[PDB]
Amino acid sequence: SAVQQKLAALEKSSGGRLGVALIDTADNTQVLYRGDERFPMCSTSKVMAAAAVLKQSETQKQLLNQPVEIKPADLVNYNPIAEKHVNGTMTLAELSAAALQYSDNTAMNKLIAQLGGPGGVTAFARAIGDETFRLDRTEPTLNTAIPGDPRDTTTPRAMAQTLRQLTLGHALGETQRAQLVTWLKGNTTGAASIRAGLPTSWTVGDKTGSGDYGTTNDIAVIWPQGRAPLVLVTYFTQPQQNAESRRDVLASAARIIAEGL
Ligand SMILES: *[B@@]1([O])O[C][C]([C][O])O1
């Protein structure tokens with residue numbers, strides 16, 4: 001298709017490896033580019049950890065208000081929100097918001113701990129029918145993004161389907177789903193990624209990811225004004241370990257997808 005030729009050209013121009021999955025919920029049609037190749041998730045994995053905690057809260061009704069102590073030892077490499085609460089507490093709701101909206105790595109590690117380790121995050125993925133997602137490590141080492149390493153990867157197709165289920169489907173309870181959507185819509189890190197390739201009138205909720213090997217990711221739910229929502233996953237990684245982030249590639253892929261409808 002025209003869109004796949006343009007995505008392939010974008011990829012060729014970029015020097016890296018691009019993975020795209022679009023789901024149009026209007027007719028359940030899919031557009032895939034390297035849709036079944038594995039990519040390092042980096043912080044896009046935080047959506048799964050937050051959703052897993054939300055699932056727990058369907059039975060433990062007060063779970064999200066549980067306070068969790070932030071100690072100096074908990075701080076890792078990127079903790080914009082947790083740093084503000086060292087020697088204090090944050091609720092699991094505040095940690096979920098911080099992980100999603102600021103990509104806080106300490107918050108992610110607390111969510112992983114709440115789930116019993118990376119295996120508990122992966123278990124949630126399996127429980128909602130995602131056989132591809134795997135979380136193997138905690139922050140910050142899950143971002144090493146080593147070529148060929150299957151740890152902490154998923155495929156664009158799998159992540160698109162899972163994000164659809166979590167946000168637009170009913171993998172979560174009604175209140176939990178709405179909370180996740182609210183959190184994603186309030187993301188603060190996504191202005192230069194998928195959002196930048198789309199009409200300004202469209203509502204977007206997204207989660208970015210960045211890691212070594214210039215890994216630059218964004219996963220989004222998109223609500224166009226007067227039109228069925230779309231799920232768009234854009235993963236990008238590069239051959240040099242110290243490569244710079246390329247958020248412009250994700251914006252461009254989004255623009256190409258948006259043009260083609
Ligand atoms: B994710 O990818 O978003 C930011 C942090 C940086 O360690 O991880």
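In what follows, residues are counted from 1 in the order of the sequence shown. Atoms considered below: every heavy atom in the structure, side chains included; atoms not considered: hydrogens, waters and symmetry mates.
Follow the hydrophobic side-chain contacts under 4.5 Å out from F133 and you never reach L32; the two are in separate clusters. Hydrophobic clustering, with ILVMFWY side chains joined whenever heavy atoms are under 4.5 angstrom apart, groups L250 together with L198. The hydrophobic clustering, which links ILVMFWY residues whose side-chain heavy atoms are closer than 4.5 Å, places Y78 and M41 apart. Both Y33 and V31 are members of a single hydrophobic cluster when ILVMFWY side chains are connected at heavy-atom separations under 4.5 Å. Residues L92 and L135 share a hydrophobic cluster, clusters being chains of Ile/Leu/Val/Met/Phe/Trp/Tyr side chains in contact below 4.5 Å.
Between the side chain of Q101 and the backbone N or O of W183, at least one donor-acceptor pair lies under 3.5 Å. Side chain of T162 to backbone of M159: no donor-acceptor contact under 3.5 angstrom is found. With hydrogens and angles ignored, the 3.5 Å screen pairs a side-chain donor or acceptor of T153 with a backbone N or O of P150. For the pair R157 (side chain) and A21 (backbone), a donor-acceptor distance under 3.5 Å is absent. Between the side chain of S13 and the backbone N or O of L10 there is at least one donor-acceptor pair closer than 3.5 Å. One N or O on the side chain of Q225 and one on the backbone of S201 form a donor-acceptor pair closer than 3.5 Å. At least one donor-acceptor pair under 3.5 Å links the side chain of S1 to the backbone N or O of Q4.
Considering only heavy atoms from C-beta on, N28 comes within 4.5 Å of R164 through its side chain. Counting heavy atoms from C-beta outward, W202 and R195 have side chains that stay 4.5 Å or more apart. Looking at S43 and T208, their side chains never come closer than 4.5 Å, going by heavy atoms from C-beta outward. For the pair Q56/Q114, a side-chain contact is recorded, criterion being any heavy-atom separation below 4.5 Å from C-beta on. Between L64 and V53 there is a side-chain heavy-atom pair separated by less than 4.5 Å. A 4.5 Å side-chain heavy-atom check between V231 and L163 finds at least one atom pair inside the cut-off. At least one side-chain heavy atom of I81 sits under 4.5 Å from a side-chain heavy atom of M90. No side-chain heavy atom of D136 sits less than 4.5 Å from a side-chain heavy atom of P118.
Checked for salt-bridge contact, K207 and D218 miss the test: no charged N lies under 4.0 Å from a carboxylate O. Classification of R227 and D24 as a salt-bridged pair holds, one side-chain N sitting under 4.0 Å from a carboxylate O.
Under 3.5 Å, the side chains of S210 and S245 contain no donor-acceptor pair of N or O atoms. Side-chain contact of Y235 with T44: a donor-acceptor pair under 3.5 Å is present, judged by distance alone. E244 and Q238 are not linked by any side-chain donor-acceptor pair at a separation below 3.5 angstrom, with hydrogens and angles left out of the test. Looking only at atom types and distance, the side chain of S103 has no donor-acceptor partner in the side chain of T189 under 3.5 Å away. Between the side chains of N217 and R247, no donor-acceptor pair of N or O atoms lies under 3.5 Å. No donor-acceptor contact under 3.5 angstrom links the side chains of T155 and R34, judged on distance only.
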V20/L232 under side chain to side chain contact (heavy atoms under 4.5 Å, CB included): CA gap, chis, key distance, verdict: CA-CA 7 Å; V20 179; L232 176 62; 3.9 Å; yes

Test log, rule side chain to side chain contact (heavy atoms under 4.5 Å, CB included), inputs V68 and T91: CA-CA 6 Å; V68 175; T91 69; over 6 Å; no

Stepwise side chain to side chain contact (heavy atoms under 4.5 Å, CB included) check, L184 with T167: CA-CA 9 Å; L184 294 173; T167 57; 3.7 Å; yes

Residues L166, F124; criterion side chain to side chain contact (heavy atoms under 4.5 Å, CB included); working and verdict: CA-CA 11 Å; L166 292 177; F124 174 70; 4.0 Å; yes

Only pairs under 3.5 Å count here: list side-chain donor-acceptor contacts from residues 105-112, not counting sequence neighbours, and write none if there are none.
from, atom 1, to, atom 2, distance (Å)
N105, OD1, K46, NZ, 2.6
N105, ND2, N77, OD1, 2.8
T106, OG1, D74, O, 3.3
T106, OG1, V76, N, 3.4
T106, OG1, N79, OD1, 2.8
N109, OD1, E139, N, 2.8
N109, ND2, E139, O, 3.0
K110, NZ, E69, O, 3.2
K110, NZ, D74, OD1, 3.3
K110, NZ, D74, OD2, 2.7

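Distance check, rounded to the nearest 0.5 Å: CG of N143 to SG of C42 gives 4.5 Å. Between the CD atom in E37 and the CG atom in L18 there is a gap of 10.0 Å [rounded to 0.5 Å]. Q161 CD to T154 OG1: the interatomic distance, rounded to the nearest 0.5 Å, is 9.5 Å. The OG atom of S45 lies 5.0 Å from the CG atom of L142; values are rounded to the nearest 0.5 Å. Atom OG1 of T234 is separated from atom CD1 of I219 by 9.0 Å, given to the nearest 0.5 angstrom. Remark: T122 OG1 to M48 CE distance equals 8.0 Å, nearest 0.5 Å.
Scored by the salt bridge (charged side-chain N to carboxylate O under 4.0 Å, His left out) test, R126 finds no partners at all (sequence neighbours excluded).
Contact detail for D104 and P80: the closest heavy-atom pair is OD2-N, 3.3 Å. Pairing each heavy atom of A145 with each of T215, the nearest pair is CB-OG1, 3.4 Å. For the residue pair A228 and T25, the shortest heavy atom distance occurs at CB-OG1, 3.7 Å. The two atoms that bring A254 and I194 nearest to each other are CB-O, 3.6 Å, heavy atoms only.
Hydrophobic clustering, defined by side-chain heavy atoms of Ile, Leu, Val, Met, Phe, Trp and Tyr closer than 4.5 Å, groups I146 together with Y213.
Residue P229 is tested with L168, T203, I222 for a side-chain contact (heavy atoms from CB on, under 4.5 Å); the sole match is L168.
Cation-pi contact between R17 and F236: absent, since separation from the ring centre below 6.0 Å together with deviation from the ring axis within 45° is not met.
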